[PDB]
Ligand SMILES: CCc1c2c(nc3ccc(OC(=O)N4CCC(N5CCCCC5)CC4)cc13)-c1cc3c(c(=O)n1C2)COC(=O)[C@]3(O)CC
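Given next, in structure tokens, is a single chain: the form deposited without the named molecule.
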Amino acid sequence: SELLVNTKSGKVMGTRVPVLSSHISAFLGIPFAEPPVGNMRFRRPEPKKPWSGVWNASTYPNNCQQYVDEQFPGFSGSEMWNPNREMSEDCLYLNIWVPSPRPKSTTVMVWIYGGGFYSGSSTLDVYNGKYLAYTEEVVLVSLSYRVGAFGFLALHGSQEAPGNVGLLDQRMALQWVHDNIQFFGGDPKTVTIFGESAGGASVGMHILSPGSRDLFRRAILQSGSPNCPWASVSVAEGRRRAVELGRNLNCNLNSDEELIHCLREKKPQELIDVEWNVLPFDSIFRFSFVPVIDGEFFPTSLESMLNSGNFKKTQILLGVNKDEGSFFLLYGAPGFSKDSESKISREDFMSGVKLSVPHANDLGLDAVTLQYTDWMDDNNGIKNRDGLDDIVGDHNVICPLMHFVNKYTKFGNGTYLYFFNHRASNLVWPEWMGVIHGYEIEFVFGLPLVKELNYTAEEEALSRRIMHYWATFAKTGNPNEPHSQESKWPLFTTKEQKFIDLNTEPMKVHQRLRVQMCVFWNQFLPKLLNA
């Protein structure tokens, strides 16, 4: 009865939400898994037992236990990413926005949030699917997955904490969407999983995981890809970090059973408190509990998989932001402050490049510095600052994504590559951080469309193009409307390597995104480090 949806798990009662002019149906906090609490912490998600009665899908679910950024308390720029609902280990819930009237079988977009696998909520203001569902008439799903140690602790042997359990959370949401989105008017045969940062890395990992390929049609990857250096550890390093996490909580680490038991008794916040102490390196843009290359979720190494074509072959739309690195530099690298044009000294640059590339020897750090220093001007604080952003952005998202694009396009049924380089007019972060990691999201979710948000008209325009690019790609596997007034977004071929700018200036097409630098990061530096 519009808001009464009767699903294979039970009846779900949603709520009308106002969006722009109209209203839309919203179903919020649908459980898709049994609460991963108690003896079930670190365990694989268990499918949600069906409920008697109607489920009140009208309020946002608990967010999952996660690190809370208090680096800039009150600063909307950082709080916009913080959990906005009560945190709870009970948090495996998804959110669905459906048009009014209910479509019959229309496209589904399943948003998977980023947050470096230690943070993230489906429920943040910038992930509100109102605007996207309304504007583009897509059923929009937000999912939830366990982040941090709760989702990615990996004692590879044990059944009680294998890794990737937070990815399995995602996969179960995807199963539920596959099984039940039809009752919300969604077409399970065309669900598109999009995500940003670790969310896009996750999307890439379901393209890769055999166990996930059947559960979605298409994929959008924003500023992340499965092969990103921060997105996976070996099972050995996962074990190492799991044990070190237990060492921090004074766990008896005689056996996996002993460790897991200890970690299961700790309050969620104590895991969170010591979580960053288990990194093996003084480092930027590294997270403690990330997916493990474990043999089950990933059959082998991601590189083999990308090489063999061992991945779901579909269409992907993906891309990066211009200044991917600045966010992590501000937070982690000396000399970058929020309130200064963060001109970076030479001493702080070398501190920064050493933090950015923690796995690199003195030779590798020299290679990086050679690549990224303006040697005509090696003490220019701006060039050092921007160069650090470039190092961090190229090493950590742009070049791994371009590696992934190249390897994937060899076997996929279509690749669209954007380069988002628009600084929002109302961006609350300093100018020096540029087009920041994560700040294409508000444009994907249509926030320039709400006038109270103080976007320019030109930005609202861009948001409508992006949403239209995104939903058209989701519907059709091509972001372009067939024969439209807009100019066409070229396919990315391994031949021409074309890609588009996304900003308010009209579309420009380019070749070979950061190729000079990505040849360094993808081809040369690894060869150098192995030698």
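By rigid core we mean the largest C-alpha set that fits within 1.5 Å across both forms. Residue numbers here begin at 1 and follow the sequence given.
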Between 282 to 290 and 404 to 412, larger RMS Cα displacement in 9 other deposited structures of this protein after core fit: 282 to 290
RMS Cα shift after core superposition in 9 other deposited structures of this protein, winner of 169 to 177 and 372 to 380: 372 to 380
Other entries lacking residue 43, at least a third: no
Coordinates lacking for residue 486, a third or more of other entries: yes
Residue range whose averaged C-alpha B-factor is higher in the record, 314 to 322 or 263 to 271: 263 to 271
Between 53 to 61 and 482 to 490 (mean CA B-factor, as deposited), the higher: 482 to 490
Candidate residues 440, 431, 390, 125, the one whose C-alpha B factor the record puts highest: 431
Per the PDB entry, maximal CA B factor within 141, 174, 399, 449: 449
Relative C-alpha B-factor of residue 509, binned into the chain's lowest, middle or highest third: highest
Position of residue 85 among the chain's modelled residues by C-alpha B-factor, lowest, middle or highest third: middle
Chain-wide C-alpha B factor ranking for residue 502, given as lowest, middle or highest third: middle
Record-listed C-alpha B factor of residue 408: chain third: middle
Residue 224 - which third its CA temperature factor falls in, relative to the rest of the chain: lowest
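There is also a form solved in complex with the named molecule; it is not shown, and the following applies to it.
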Open or blocked: the named molecule superposed from its pose in the bound PDB entry, cut-off 2.4 Å to backbone or C-beta: open
Listed residue (176, 118, 134, 298) with a non-hydrogen atom within 4.5 angstroms of the named molecule in the bound PDB entry: 118
Residue among 67, 27, 32, 489 with a heavy atom within 4.5 Å of the named molecule in the bound PDB entry: 67
Site check 81, 277 and 328: each within 4.5 Å of the named molecule in the bound PDB entry by heavy atom: yes
4.5 Å heavy atom contact, residue 375 and the named molecule in the bound PDB entry: no
Heavy atom of residue 437 within 4.5 Å of the named molecule in the bound PDB entry: yes
The named molecule contact in the bound PDB entry: residue 169, any heavy atom under 4.5 Å: no
Contact flag, residue 282 vs the named molecule in the bound PDB entry, heavy atom cut 4.5 Å: yes
Which of 92 to 100, 134 to 142, 328 to 336, 341 to 349 sits within 4.5 Å of the named molecule in the bound PDB entry, heavy atom basis: 328 to 336
Stretch 189 to 216: residues contacting the named molecule in the bound PDB entry, 4.5 Å heavy atom cut-off: 196
